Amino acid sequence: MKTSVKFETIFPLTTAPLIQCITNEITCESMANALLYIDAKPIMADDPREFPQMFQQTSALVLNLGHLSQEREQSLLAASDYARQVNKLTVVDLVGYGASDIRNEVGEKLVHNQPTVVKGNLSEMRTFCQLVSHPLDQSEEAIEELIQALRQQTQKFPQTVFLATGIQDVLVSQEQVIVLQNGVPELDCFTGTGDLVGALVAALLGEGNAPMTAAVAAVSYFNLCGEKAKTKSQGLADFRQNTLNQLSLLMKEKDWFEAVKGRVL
């Protein structure tokens, strides 16, 4: 990949950044492990009463829309407002956007507070951009449609980078459009791959990387962990285990990023 992104220097993380995750109860054990496996320090606290003291210590924040409830709604909106008040680097992951009105309402509010990164899968982001969601949507036509939609969003949210994940990943900012083409289809066959990509982005933001760099490196690294894992694995449980294991190993190969496939458009 012909790119401005300086991959050689991303890993290992050296500041042990504290990454606070206001996240769902389904994938949180694995999100905490992911973050530790790349030398970040996870904290999963979400009680608003702690925010003043916590936010002083954290380097970045994950606001994950998954498994909504009245309690998670209070935390998410409280953390989003507060993150805006104190300029906390923030990744918003629109898990389930489009599933219901209530999710959409909460999701829209998070994005309105102008986070560092907004993230989702193709379906969620298309829905966020008010496009139809019919895959047919991974076509070159549909990708170009979403790129344009996301570029219109970055005009309203000019300090926010948008990430849509899929067979190809689409990253859009006010400055760049990047399409990435790593990973394997088995990365859809265990729970939390999207959630963990969110946490990895936050981790890189917290270490000090620029937003598009954080997004491109997090997605690339995780997807290349999948690629390696597929070669070593038989069965999906085993494939999952190896992907998570690679988070701590792929790093050690001086030239892991040579496998990155993607265009800056």
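Numbers for residues come from their place in the sequence shown, where the first is 1.
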For the step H134 to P135, what size class fits the number of deposited residues with no coordinates, none, 1 to 3, 4 to 9, or 10 or more? 4 to 9
Look over 138-146 and 98-106 in the entry and identify the one with the greater average Cα temperature factor. 138-146
125-133 set against 109-117, stretch whose average Cα temperature factor tops the other in the entry: 125-133
Using the temperature factors in the entry, find which of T27, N64, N33, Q70 has the highest value at its Cα atom. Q70
Check where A78 lands among this chain's C-alpha B-factors and tell me if it's the lowest, middle or highest third. lowest
If you rank every modelled residue in this chain by C-alpha B factor, which third holds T213: lowest, middle or highest? middle
Just say lowest, middle or highest third for the CA B-factor of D93 relative to the other modelled residues in its chain. lowest
CA B-factor ranking of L249, expressed as a third of its chain: middle
When the deposited Cα B-factors of this chain's modelled residues are ordered and cut into thirds, is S220 in the lowest, the middle or the highest one? middle
